[PDB]
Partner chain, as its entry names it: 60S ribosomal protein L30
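Only one chain is given next, in structure tokens, and it is the form solved without its partner chain.
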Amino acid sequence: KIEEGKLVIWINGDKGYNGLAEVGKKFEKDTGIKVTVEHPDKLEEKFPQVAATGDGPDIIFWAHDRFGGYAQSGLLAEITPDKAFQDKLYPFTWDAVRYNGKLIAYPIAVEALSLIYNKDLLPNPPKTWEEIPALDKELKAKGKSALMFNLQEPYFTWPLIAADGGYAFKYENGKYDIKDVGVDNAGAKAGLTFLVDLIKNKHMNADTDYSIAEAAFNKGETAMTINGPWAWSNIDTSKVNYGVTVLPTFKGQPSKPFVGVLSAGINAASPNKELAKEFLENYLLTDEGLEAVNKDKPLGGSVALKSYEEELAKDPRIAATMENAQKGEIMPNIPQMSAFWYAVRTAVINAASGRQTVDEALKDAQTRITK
């Protein structure tokens, strides 16, 4: 189920899990408890799978959109900070982790996608999606490409689909209408079609994934990429000269990334929910704990902790991150977010490889989600 006397932590691989072990150590030092940190693949899926059979990690880290689902199947545990603690953190971040009024996780940081470009290849980044194909033309005649980003994860294609009107679930009367989905509206269709046109006019590859795009950009073979703050760490090492800026517009409207709040929740069956409360409120959610994690891999634009946020809000990458977040939308945490991601993942993939037209693909997805 767990062990008792120890703390198992699960974090995704793209995150500062090493800086997280460091806080772990200081914890174990000050305390005496063994703190293990793992980062299994498909963590988001694996969790409930195990958390269910009464076992798994003590603490689970994921963006908040998955938390409502977990809370629903009962795998989480209600947390209980007090006006002392809660006040250290920005209000809207606490709101991101409330499932039916209740707090089911601790908010760490706001994540938003940004346009990352090679200042060597491109000193001036495009202002619009529309000029990318042309840019690619006169980059391709040099064994280079204009852009590559992960097309295998809907999170990365969402900003474009959402720019002209696509939407997940309509928000009405302080609640999401689960039957009013905008994955198959005019806006969503226009965004995807454009994407598909990029592929079909050989400006992009239907297969590009996280690794391929990371490598491509880090190696200097692509002028631009789309990713979050976690990625800066690795780019700092490739030593490519890069800027981080606002995603390009689509049909004159801003790209609208789905904004995630990195959060930490405690397993329903963690025998040491006490140890967990200690480590999360006392060691990690501190200027010192956040600095440890951040130095490993950038946390994001805005951190939940108001005082730490007092120092990291000056960087031009952080700033662009805050700009894109601003134009974006905080994700819902409702349990149906999982069906949404699954249906959308299939749609883009099917449309992009040509097994389905944009129309068939998005209709399928819309059906799947409201069924």
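Numbering follows the first chain given and starts at 1.
Omitted here: the form solved in complex with its partner chain. The next part is about that form.
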(request) Pick the stretch from 52-60, 323-331, 340-348, 305-313 whose residues have a heavy atom within 4.5 Å of its partner chain in the bound PDB entry. (result) 52-60
(request) Check whether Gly243 has any heavy atom within 4.5 Å of a heavy atom of its partner chain in the bound PDB entry, and answer yes or no. (result) no
(message) Taking any heavy atom pair closer than or equal to 4.5 Å as contact, tell me whether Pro254 reaches its partner chain in the bound PDB entry.
(response) no
(request) Evaluate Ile235 for contact with its partner chain in the bound PDB entry, applying a 4.5 angstroms cut-off between non-hydrogen atoms, and reply yes or no. (result) no
(message) Can you tell me if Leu247 lies within 4.5 angstroms of its partner chain in the bound PDB entry, counting non-hydrogen atoms only?
(response) no
(message) Can you work out which of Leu121, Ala96, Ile104, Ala269 has a heavy atom no more than 4.5 Å from its partner chain in the bound PDB entry?
(response) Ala269
(request) Name the single residue among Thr286, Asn185, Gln72, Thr193 that comes within 4.5 Å of its partner chain in the bound PDB entry, judging by heavy atoms. (result) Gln72
